[PDB]
$ cat input11.cif   # mmCIF, C-alpha atoms and all ligand atoms
data_work
loop_
_atom_site.label_atom_id
_atom_site.label_comp_id
_atom_site.auth_asym_id
_atom_site.auth_seq_id
_atom_site.Cartn_x
_atom_site.Cartn_y
_atom_site.Cartn_z
CA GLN V 1 0.00 0.00 0.00
CA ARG V 2 3.07 2.25 -0.23
CA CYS V 3 3.78 4.75 -2.99
CA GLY V 4 6.77 6.56 -4.41
CA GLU V 5 9.84 4.32 -4.53
CA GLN V 6 8.57 2.29 -1.48
CA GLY V 7 5.86 0.98 -3.78
CA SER V 8 8.01 0.99 -6.90
CA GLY V 9 6.96 4.17 -8.77
CA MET V 10 3.35 3.60 -7.66
CA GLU V 11 0.99 6.53 -7.34
CA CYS V 12 -1.66 7.77 -4.99
CA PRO V 13 -5.31 8.08 -6.08
CA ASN V 14 -7.27 11.33 -6.52
CA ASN V 15 -4.14 13.39 -6.93
CA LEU V 16 -2.89 12.78 -3.37
CA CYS V 17 0.76 13.49 -2.55
CA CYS V 18 3.23 10.69 -1.91
CA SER V 19 5.58 11.95 0.77
CA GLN V 20 9.31 11.31 0.96
CA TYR V 21 8.70 8.15 3.09
CA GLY V 22 6.25 6.48 0.72
CA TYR V 23 2.79 7.22 2.06
CA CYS V 24 -0.26 8.73 0.42
CA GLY V 25 -1.63 11.91 1.85
CA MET V 26 -2.42 15.57 1.37
CA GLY V 27 -0.86 18.25 3.56
CA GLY V 28 2.39 20.18 3.95
CA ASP V 29 3.73 16.91 5.32
CA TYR V 30 2.97 15.00 2.21
CA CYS V 31 3.03 17.69 -0.51
CA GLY V 32 6.05 19.59 0.92
CA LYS V 33 9.63 18.42 0.41
CA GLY V 34 10.28 14.81 -0.39
CA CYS V 35 6.90 14.60 -2.16
CA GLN V 36 7.38 12.07 -4.97
CA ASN V 37 4.18 12.42 -7.02
CA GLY V 38 0.63 13.70 -6.75
CA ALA V 39 -0.14 17.41 -6.35
CA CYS V 40 3.39 18.26 -5.10
CA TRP V 41 3.58 21.91 -4.05
CA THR V 42 6.78 22.23 -6.09
CA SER V 43 5.84 20.60 -9.37
CA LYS V 44 8.12 17.87 -10.65
CA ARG V 45 10.06 18.65 -13.82
CA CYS V 46 10.10 16.93 -17.20
CA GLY V 47 10.80 17.15 -20.94
CA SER V 48 13.74 18.79 -22.67
CA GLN V 49 14.62 20.56 -19.42
CA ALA V 50 14.67 17.31 -17.51
CA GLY V 51 16.50 15.24 -20.14
CA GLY V 52 13.14 13.82 -21.27
CA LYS V 53 11.69 12.97 -17.80
CA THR V 54 7.90 12.36 -18.07
CA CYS V 55 5.39 13.57 -15.53
CA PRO V 56 3.74 11.13 -13.15
CA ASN V 57 -0.09 10.74 -12.81
CA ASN V 58 -0.61 11.94 -16.46
CA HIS V 59 0.12 15.51 -15.57
CA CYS V 60 0.78 17.79 -18.51
CA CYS V 61 4.34 18.93 -18.80
CA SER V 62 4.05 22.62 -19.85
CA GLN V 63 6.50 24.24 -22.22
CA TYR V 64 8.84 25.18 -19.39
CA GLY V 65 9.28 21.71 -17.96
CA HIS V 66 6.86 21.74 -14.99
CA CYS V 67 4.01 19.27 -14.32
CA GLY V 68 0.50 20.46 -13.70
CA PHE V 69 -2.98 20.90 -15.19
CA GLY V 70 -5.02 23.65 -16.85
CA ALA V 71 -4.56 26.20 -19.69
CA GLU V 72 -0.95 26.91 -18.82
CA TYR V 73 0.24 23.31 -18.92
CA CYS V 74 -2.02 21.29 -21.16
CA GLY V 75 -2.62 24.31 -23.44
CA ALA V 76 -0.15 25.45 -26.02
CA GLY V 77 3.47 24.50 -25.47
CA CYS V 78 2.50 21.27 -23.71
CA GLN V 79 5.43 18.90 -23.82
CA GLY V 80 3.58 15.77 -22.71
CA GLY V 81 0.78 14.23 -20.65
CA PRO V 82 -2.80 14.71 -21.73
CA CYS V 83 -2.07 17.78 -23.92
CA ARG V 84 -4.93 19.85 -25.37
CA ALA V 85 -3.52 19.26 -28.87
CA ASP V 86 -3.63 15.91 -30.78
CA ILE V 87 -0.50 13.85 -30.56
CA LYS V 88 0.77 12.24 -33.74
CA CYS V 89 2.28 8.77 -33.98
CA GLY V 90 2.98 5.71 -36.08
CA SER V 91 3.58 5.52 -39.80
CA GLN V 92 2.27 9.06 -40.20
CA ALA V 93 4.73 10.35 -37.62
CA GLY V 94 7.65 8.13 -38.59
CA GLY V 95 7.12 5.17 -36.28
CA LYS V 96 6.70 7.75 -33.48
CA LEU V 97 5.35 5.81 -30.47
CA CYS V 98 2.94 7.32 -28.02
CA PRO V 99 4.26 8.14 -24.56
CA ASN V 100 2.97 6.56 -21.37
CA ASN V 101 1.77 3.43 -23.13
CA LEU V 102 -1.10 5.33 -24.82
CA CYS V 103 -2.46 3.54 -27.85
CA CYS V 104 -1.70 4.93 -31.26
CA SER V 105 -4.92 4.80 -33.25
CA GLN V 106 -5.57 3.62 -36.76
CA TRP V 107 -5.59 7.33 -37.81
CA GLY V 108 -2.41 8.26 -36.00
CA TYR V 109 -3.09 10.07 -32.68
CA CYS V 110 -2.33 8.64 -29.26
CA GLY V 111 -5.07 8.08 -26.76
CA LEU V 112 -6.72 5.18 -24.88
CA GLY V 113 -10.14 3.59 -25.43
CA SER V 114 -11.58 1.25 -28.06
CA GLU V 115 -11.03 4.05 -30.56
CA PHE V 116 -7.27 4.06 -30.22
CA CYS V 117 -6.54 0.70 -28.65
CA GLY V 118 -8.78 -1.56 -30.71
CA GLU V 119 -8.92 -2.36 -34.41
CA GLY V 120 -6.13 -0.54 -36.24
CA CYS V 121 -4.15 0.09 -33.04
CA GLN V 122 -0.48 0.48 -34.15
CA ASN V 123 1.53 0.71 -30.91
CA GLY V 124 1.05 1.23 -27.18
CA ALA V 125 -1.59 -0.47 -24.97
CA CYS V 126 -3.47 -2.20 -27.84
CA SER V 127 -6.56 -4.17 -26.77
CA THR V 128 -6.15 -6.29 -29.89
CA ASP V 129 -3.94 -9.12 -28.67
CA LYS V 130 -1.82 -9.76 -31.76
CA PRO V 131 0.26 -12.91 -31.85
CA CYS V 132 4.03 -12.69 -31.71
CA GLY V 133 6.89 -15.19 -32.12
CA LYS V 134 7.65 -18.31 -34.13
CA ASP V 135 3.97 -19.22 -34.21
CA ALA V 136 3.36 -15.71 -35.64
CA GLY V 137 5.70 -15.15 -38.58
CA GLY V 138 8.43 -14.48 -36.03
CA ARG V 139 6.75 -11.13 -35.45
CA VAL V 140 8.03 -9.06 -32.48
CA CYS V 141 5.98 -6.61 -30.33
CA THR V 142 5.50 -2.82 -30.11
CA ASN V 143 6.99 -0.57 -27.43
CA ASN V 144 9.68 -3.18 -26.73
CA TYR V 145 7.26 -5.37 -24.81
CA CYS V 146 7.96 -8.95 -23.72
CA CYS V 147 6.66 -11.53 -26.24
CA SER V 148 5.45 -14.38 -23.99
CA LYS V 149 6.25 -18.09 -24.41
CA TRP V 150 2.60 -18.57 -25.32
CA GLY V 151 2.91 -15.84 -27.94
CA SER V 152 1.36 -12.65 -26.53
CA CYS V 153 2.79 -9.23 -25.68
CA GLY V 154 2.82 -7.84 -22.15
CA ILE V 155 4.87 -6.68 -19.13
CA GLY V 156 5.18 -8.57 -15.88
CA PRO V 157 6.73 -11.88 -14.77
CA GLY V 158 4.71 -14.15 -17.07
CA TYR V 159 5.69 -12.43 -20.27
CA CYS V 160 9.13 -11.17 -19.34
CA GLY V 161 11.04 -13.86 -17.52
CA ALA V 162 11.04 -17.59 -18.19
CA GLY V 163 9.71 -18.34 -21.69
CA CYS V 164 9.96 -14.84 -23.20
CA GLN V 165 10.97 -15.11 -26.86
CA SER V 166 11.77 -11.56 -28.04
CA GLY V 167 11.44 -8.34 -26.07
CA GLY V 168 12.47 -6.77 -22.78
CA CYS V 169 13.01 -10.22 -21.25
CA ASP V 170 15.46 -10.41 -18.36
CA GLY V 171 16.14 -14.07 -19.00
CA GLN E 1 3.66 -2.37 -4.50
CA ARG E 2 0.00 -3.47 -4.76
CA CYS E 3 -2.90 -1.62 -6.41
CA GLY E 4 -6.68 -1.62 -6.68
CA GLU E 5 -8.27 -3.08 -3.53
CA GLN E 6 -5.00 -4.72 -2.56
CA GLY E 7 -3.16 -1.38 -2.71
CA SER E 8 -5.60 1.21 -1.36
CA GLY E 9 -6.71 2.85 -4.58
CA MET E 10 -2.99 2.79 -5.48
CA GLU E 11 -2.22 3.25 -9.17
CA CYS E 12 0.46 1.84 -11.48
CA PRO E 13 2.79 4.33 -13.11
CA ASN E 14 2.83 5.00 -16.87
CA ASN E 15 -0.75 3.67 -17.29
CA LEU E 16 0.20 0.08 -16.42
CA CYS E 17 -2.86 -2.14 -15.91
CA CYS E 18 -3.68 -3.36 -12.46
CA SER E 19 -5.18 -6.84 -12.67
CA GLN E 20 -7.73 -8.20 -10.29
CA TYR E 21 -5.06 -9.75 -8.11
CA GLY E 22 -3.64 -6.31 -7.28
CA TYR E 23 -0.56 -6.43 -9.53
CA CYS E 24 0.93 -4.00 -12.11
CA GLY E 25 1.74 -4.81 -15.73
CA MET E 26 0.53 -4.83 -19.31
CA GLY E 27 -0.83 -7.74 -21.35
CA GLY E 28 -3.97 -9.85 -21.74
CA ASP E 29 -3.33 -11.09 -18.25
CA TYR E 30 -3.31 -7.75 -16.45
CA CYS E 31 -5.24 -5.51 -18.86
CA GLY E 32 -8.04 -7.98 -19.37
CA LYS E 33 -10.72 -9.22 -16.97
CA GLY E 34 -10.35 -7.99 -13.41
CA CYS E 35 -8.42 -4.86 -14.51
CA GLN E 36 -8.83 -2.43 -11.58
CA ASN E 37 -7.30 0.79 -13.06
CA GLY E 38 -4.86 1.73 -15.81
CA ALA E 39 -5.09 1.34 -19.62
CA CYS E 40 -7.71 -1.38 -19.30
CA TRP E 41 -9.20 -3.10 -22.33
CA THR E 42 -12.49 -2.93 -20.58
CA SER E 43 -12.98 0.91 -20.36
CA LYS E 44 -14.69 2.07 -17.13
CA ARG E 45 -17.85 4.11 -16.60
CA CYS E 46 -17.99 7.54 -15.03
CA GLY E 47 -19.93 10.75 -14.56
CA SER E 48 -23.69 10.77 -15.12
CA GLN E 49 -23.64 7.29 -16.54
CA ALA E 50 -21.99 6.01 -13.40
CA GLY E 51 -23.28 7.80 -10.33
CA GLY E 52 -20.45 10.26 -10.73
CA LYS E 53 -17.30 8.24 -10.12
CA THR E 54 -14.36 9.92 -11.83
CA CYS E 55 -11.71 8.07 -13.83
CA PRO E 56 -8.56 6.83 -12.19
CA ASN E 57 -5.16 7.60 -13.72
CA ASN E 58 -6.51 11.12 -14.61
CA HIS E 59 -8.32 9.97 -17.71
CA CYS E 60 -11.02 12.15 -19.26
CA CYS E 61 -14.54 10.96 -18.85
CA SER E 62 -16.14 11.24 -22.27
CA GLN E 63 -19.67 12.41 -22.80
CA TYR E 64 -20.90 8.88 -23.25
CA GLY E 65 -19.43 7.89 -19.87
CA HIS E 66 -16.25 5.92 -20.60
CA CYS E 67 -12.67 6.52 -19.33
CA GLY E 68 -9.96 7.38 -21.83
CA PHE E 69 -7.63 9.87 -23.50
CA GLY E 70 -8.21 11.26 -26.98
CA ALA E 71 -10.34 13.86 -28.77
CA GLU E 72 -13.34 11.63 -28.20
CA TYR E 73 -12.86 11.69 -24.42
CA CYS E 74 -11.10 14.83 -23.27
CA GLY E 75 -12.74 16.85 -26.07
CA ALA E 76 -16.38 17.89 -26.48
CA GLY E 77 -18.77 16.41 -23.97
CA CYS E 78 -15.93 15.70 -21.48
CA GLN E 79 -17.64 15.35 -18.05
CA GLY E 80 -14.43 15.12 -15.95
CA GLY E 81 -10.63 14.62 -16.04
CA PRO E 82 -8.06 16.88 -17.83
CA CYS E 83 -10.70 18.22 -20.21
CA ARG E 84 -9.54 20.45 -23.07
CA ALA E 85 -11.97 23.10 -21.74
CA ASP E 86 -11.49 25.12 -18.57
CA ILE E 87 -13.38 23.93 -15.58
CA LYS E 88 -14.66 27.02 -13.76
CA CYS E 89 -14.98 26.97 -9.96
CA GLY E 90 -14.82 28.92 -6.68
CA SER E 91 -16.79 32.01 -5.67
CA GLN E 92 -17.69 32.64 -9.27
CA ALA E 93 -19.22 29.33 -10.22
CA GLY E 94 -21.70 29.20 -7.34
CA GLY E 95 -18.96 28.09 -4.94
CA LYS E 96 -18.00 24.78 -6.66
CA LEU E 97 -14.99 22.66 -5.71
CA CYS E 98 -12.59 21.21 -8.29
CA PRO E 99 -12.70 17.46 -9.17
CA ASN E 100 -9.94 15.11 -8.00
CA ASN E 101 -8.30 17.56 -5.54
CA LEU E 102 -7.61 20.11 -8.25
CA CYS E 103 -6.75 23.63 -7.20
CA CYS E 104 -9.19 26.40 -7.99
CA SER E 105 -7.14 29.55 -8.72
CA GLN E 106 -8.23 33.15 -7.98
CA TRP E 107 -9.74 33.61 -11.45
CA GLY E 108 -12.18 30.72 -10.99
CA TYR E 109 -10.56 27.89 -12.98
CA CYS E 110 -9.38 24.36 -12.19
CA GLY E 111 -5.77 23.27 -12.57
CA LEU E 112 -2.61 22.46 -10.57
CA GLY E 113 0.69 24.35 -10.16
CA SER E 114 1.93 27.77 -8.89
CA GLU E 115 -0.57 29.47 -11.07
CA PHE E 116 -3.48 27.56 -9.37
CA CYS E 117 -2.13 26.30 -6.05
CA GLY E 118 -0.02 29.42 -5.48
CA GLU E 119 -1.80 32.51 -4.21
CA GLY E 120 -5.49 33.17 -4.64
CA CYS E 121 -6.37 29.48 -4.39
CA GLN E 122 -10.00 28.87 -3.37
CA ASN E 123 -10.06 25.08 -2.80
CA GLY E 124 -8.22 21.81 -3.34
CA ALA E 125 -4.50 21.15 -3.02
CA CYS E 126 -3.76 24.80 -2.29
CA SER E 127 -0.16 25.44 -1.13
CA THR E 128 -1.28 28.69 0.59
CA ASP E 129 -1.12 26.59 3.72
CA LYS E 130 -3.45 28.90 5.67
CA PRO E 131 -4.39 27.79 9.20
CA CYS E 132 -7.82 26.81 10.54
CA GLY E 133 -9.84 26.29 13.71
CA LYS E 134 -9.39 27.70 17.23
CA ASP E 135 -5.93 28.95 16.43
CA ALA E 136 -7.27 31.74 14.22
CA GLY E 137 -10.79 32.97 13.54
CA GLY E 138 -12.05 29.42 13.82
CA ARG E 139 -12.10 29.04 10.05
CA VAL E 140 -12.39 25.58 8.56
CA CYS E 141 -10.82 23.87 5.53
CA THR E 142 -11.97 23.45 1.95
CA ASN E 143 -12.71 19.99 0.59
CA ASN E 144 -13.54 18.74 4.09
CA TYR E 145 -9.80 18.23 4.53
CA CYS E 146 -8.85 17.55 8.15
CA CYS E 147 -7.51 20.36 10.35
CA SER E 148 -4.64 19.28 12.68
CA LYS E 149 -3.68 20.28 16.24
CA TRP E 150 -1.43 23.11 15.07
CA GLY E 151 -4.17 24.13 12.66
CA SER E 152 -2.87 22.78 9.38
CA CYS E 153 -5.38 21.50 6.80
CA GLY E 154 -4.63 18.02 5.48
CA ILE E 155 -5.54 14.34 5.09
CA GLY E 156 -3.79 11.44 6.72
CA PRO E 157 -3.48 10.22 10.31
CA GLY E 158 -1.80 13.35 11.67
CA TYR E 159 -4.53 15.70 10.55
CA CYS E 160 -7.51 13.46 11.12
CA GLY E 161 -6.58 11.60 14.28
CA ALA E 162 -6.56 13.30 17.69
CA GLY E 163 -6.37 17.06 17.90
CA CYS E 164 -8.28 17.21 14.63
CA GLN E 165 -10.59 20.19 15.03
CA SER E 166 -12.71 20.02 11.90
CA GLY E 167 -12.94 18.02 8.69
CA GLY E 168 -12.66 14.31 8.02
CA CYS E 169 -11.41 13.77 11.55
CA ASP E 170 -10.65 10.05 11.38
CA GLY E 171 -11.27 10.35 15.14
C1 LIG Z 1 3.48 26.63 -16.91
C2 LIG Z 1 4.74 26.51 -16.09
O1 LIG Z 1 5.64 25.72 -16.40
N1 LIG Z 1 4.78 27.30 -15.03
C3 LIG Z 1 5.91 27.31 -14.13
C4 LIG Z 1 6.69 28.63 -14.22
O2 LIG Z 1 7.14 28.84 -15.51
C5 LIG Z 1 7.62 30.17 -15.79
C6 LIG Z 1 6.66 30.85 -16.76
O3 LIG Z 1 5.40 31.09 -16.07
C7 LIG Z 1 4.37 31.56 -16.96
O4 LIG Z 1 3.18 31.67 -16.26
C8 LIG Z 1 4.79 32.91 -17.56
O5 LIG Z 1 3.77 33.38 -18.42
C9 LIG Z 1 6.11 32.73 -18.35
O6 LIG Z 1 6.56 33.96 -18.93
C10 LIG Z 1 7.20 32.16 -17.41
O7 LIG Z 1 7.55 33.12 -16.42
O8 LIG Z 1 7.85 28.56 -13.39
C11 LIG Z 1 7.52 28.38 -12.00
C12 LIG Z 1 8.82 28.39 -11.23
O9 LIG Z 1 9.66 29.45 -11.68
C13 LIG Z 1 6.70 27.11 -11.80
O10 LIG Z 1 6.32 27.00 -10.45
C14 LIG Z 1 5.45 27.14 -12.68
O11 LIG Z 1 4.70 25.94 -12.52
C1 LIG Z 2 -15.97 7.89 -26.45
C2 LIG Z 2 -16.70 6.75 -25.74
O1 LIG Z 2 -17.27 6.94 -24.66
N1 LIG Z 2 -16.62 5.54 -26.32
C3 LIG Z 2 -17.30 4.40 -25.73
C4 LIG Z 2 -18.47 3.96 -26.60
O2 LIG Z 2 -19.34 5.00 -26.88
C5 LIG Z 2 -19.18 5.46 -28.24
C6 LIG Z 2 -20.39 6.21 -28.74
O3 LIG Z 2 -20.15 6.49 -30.14
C7 LIG Z 2 -21.12 7.38 -30.68
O4 LIG Z 2 -20.76 7.63 -32.00
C8 LIG Z 2 -22.51 6.74 -30.61
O5 LIG Z 2 -23.50 7.68 -31.03
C9 LIG Z 2 -22.85 6.27 -29.20
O6 LIG Z 2 -24.00 5.43 -29.26
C10 LIG Z 2 -21.72 5.48 -28.56
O7 LIG Z 2 -21.67 4.19 -29.16
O8 LIG Z 2 -19.19 2.92 -25.96
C11 LIG Z 2 -18.39 1.71 -25.90
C12 LIG Z 2 -19.28 0.60 -25.32
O9 LIG Z 2 -20.61 1.06 -25.07
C13 LIG Z 2 -17.09 1.95 -25.10
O10 LIG Z 2 -16.25 0.81 -25.21
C14 LIG Z 2 -16.34 3.21 -25.58
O11 LIG Z 2 -15.32 3.53 -24.63
#
$ encode --input "input11.cif" --output "structure tokens" --more "lines below"
Ligand SMILES: CC(=O)N[C@H]1[C@H](OC[C@H]2O[C@@H](O)[C@H](O)[C@@H](O)[C@H]2O)O[C@H](CO)[C@@H](O)[C@@H]1O
Ligand SMILES: CC(=O)N[C@H]1[C@H](OC[C@H]2O[C@@H](O)[C@H](O)[C@@H](O)[C@H]2O)O[C@H](CO)[C@@H](O)[C@@H]1O
Amino acid sequence: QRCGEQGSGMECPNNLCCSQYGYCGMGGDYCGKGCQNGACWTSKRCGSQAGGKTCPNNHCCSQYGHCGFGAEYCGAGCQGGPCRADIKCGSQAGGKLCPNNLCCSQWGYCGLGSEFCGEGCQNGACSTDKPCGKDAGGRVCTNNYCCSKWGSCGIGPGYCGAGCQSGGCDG
Amino acid sequence: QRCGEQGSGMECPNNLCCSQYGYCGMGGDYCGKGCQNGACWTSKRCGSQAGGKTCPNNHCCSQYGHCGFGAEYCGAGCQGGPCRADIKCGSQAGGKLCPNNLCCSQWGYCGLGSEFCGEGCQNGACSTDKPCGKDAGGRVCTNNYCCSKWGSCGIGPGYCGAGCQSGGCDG
């Protein structure tokens, strides 16, 4: 039930702050210093500024490299997160994957939902379980996912460790 | 380390799916049946169509009532989440409070960051850190947050336990 690094990059619900010690809360003692994610009083950085660092909880990374929400962050300049502008990807965008596992639609704009993740889905969290491996033309997955021994893409012990054909397998 | 019911509302980072057993990952196993939050394959209800239960992971709640990210969700109709339209609030909007602990700036709009949580903040995760209770004027917190012994508004055991003057005093 721990957050921050004491829960392995896990996050608190309803925008709650994960204090320096790994607990979910809201208050100066959670959102102050040490805060790891949530509505941290001093917004975490990201993007070009932060060598590419992406914002937790799907916060928009404004054009200055600060995570938040509203006009100033998700508006124009938005570097990442749920921007107000459509995000290109795939063949249209040069193989350009979507960030934060978002699905890249048939039409070429990241998102999540049957629209992006279903039929046509070209990369990201695709609900269409496509077959990978020897029993699938020797195909390999998107996003550098682990192609399971039973020929399916995913992340976690089943797909990544013992059995994993091609992908981010440990061994 | 654990999510859903076995984590305390906890969420996986980068949209990872949280299976019914309380574990984080991606793949038919985690993203399928029993998905608790994350980039599910089985997109969750919200707003009007769901008794008003916002989307986890900060997804936009489309007009039709399903959780996602994309022009179809965040865009027109958007009932909640990082909508592409400004969500009014505070003294202006009849007194309304922001959704998912969002800060309501001085101008009457929902967001998160200096601009919203800095000065002028009417409700939510406001960093203004103003006191409460007996200690000064006897004022009480926004969002039913708990007010600690040394009059500090917050949520957690140290604000809601003993010496909690007003709010969600967990005691
Ligand atoms: C949106 C954002 O990243 N805000 C940052 C802020 O960025 C500086 C930026 O602020 C705009 O509002 C101004 O219009 C622009 O000219 C710049 O001054 O930087 C502070 C810290 O310096 C952050 O707390 C904000 O979140
Ligand atoms: C954006 C959204 O909520 N998608 C839902 C989907 O609702 C789509 C919506 O499409 C309109 O064009 C139709 O007029 C309307 O009847 C709806 O079908 O609903 C499915 C399942 O009901 C969900 O999987 C999507 O997430």
$ residues_near_ligand --input "input11.cif" --ligand "ligand LIG 2 (chain Z)" --cutoff "7 Å" --atoms "all atoms listed in the file" --output "list in words"
residues 113 and 114 of chain V; 43, 62, 63, 64, 65, 66, 67, 72 and 73 of chain E
$ write_last_selection --input "input11.cif" --atoms "C-alpha atoms" --output "PDB file, in the frame of the given file"
ATOM      1  CA  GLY V 113     -10.140   3.590 -25.430  1.00  0.00           C
ATOM      2  CA  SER V 114     -11.580   1.250 -28.060  1.00  0.00           C
TER       3      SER V 114
ATOM      4  CA  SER E  43     -12.980   0.910 -20.360  1.00  0.00           C
ATOM      5  CA  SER E  62     -16.140  11.240 -22.270  1.00  0.00           C
ATOM      6  CA  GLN E  63     -19.670  12.410 -22.800  1.00  0.00           C
ATOM      7  CA  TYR E  64     -20.900   8.880 -23.250  1.00  0.00           C
ATOM      8  CA  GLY E  65     -19.430   7.890 -19.870  1.00  0.00           C
ATOM      9  CA  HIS E  66     -16.250   5.920 -20.600  1.00  0.00           C
ATOM     10  CA  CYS E  67     -12.670   6.520 -19.330  1.00  0.00           C
ATOM     11  CA  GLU E  72     -13.340  11.630 -28.200  1.00  0.00           C
ATOM     12  CA  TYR E  73     -12.860  11.690 -24.420  1.00  0.00           C
TER      13      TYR E  73
END
$ interface_residues --input "input11.cif" --of "chain V" --to "chain E" --cutoff "7 Å" --atoms "all atoms listed in the file" --output "PyMOL selection string"
chain V and resi 1-2+7-15+25-27+39+41+43+56-58+68-70+82+84+100-101+110-113+125+127+129+153-156
$ atom_distance --input "input11.cif" --atom1 "atom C2 of ligand LIG 1 (chain Z)" --atom2 "atom CA of residue V:104"
27.2 Å
$ residues_around --input "input11.cif" --residues "residue E:140" --least-positions-apart "4" --cutoff "8 Å" --atoms "all atoms listed in the file" --output "ChimeraX atom specification"
/E:132-133,147,166-167
$ closest_residue --input "input11.cif" --among "E:162, E:21, E:119, E:92" --to "ligand LIG 1 (chain Z)" --atoms "only C-alpha atoms and all ligand atoms"
E:119
$ closest_residue --input "input11.cif" --among "E:106, E:35, E:165, E:49" --to "residue E:131" --atoms "all atoms listed in the file"
E:165
$ axis_aligned_box --input "input11.cif" --around "ligand LIG 1 (chain Z)" --padding-each-side "4 Å" --output "lines of an AutoDock Vina configuration file"
center_x = 6.4
center_y = 29.8
center_z = -14.7
size_x = 14.5
size_y = 16.2
size_z = 16.5
$ atom_distance --input "input11.cif" --atom1 "atom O6 of ligand LIG 1 (chain Z)" --atom2 "atom CA of residue E:130"
27.0 Å
$ atom_distance --input "input11.cif" --atom1 "atom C1 of ligand LIG 1 (chain Z)" --atom2 "atom CA of residue V:61"
8.0 Å
$ residues_near_point --input "input11.cif" --point "(12.1, -17.5, -21.5)" --cutoff "7 Å" --atoms "all atoms listed in the file" --output "ChimeraX atom specification"
/V:149,161-165,171
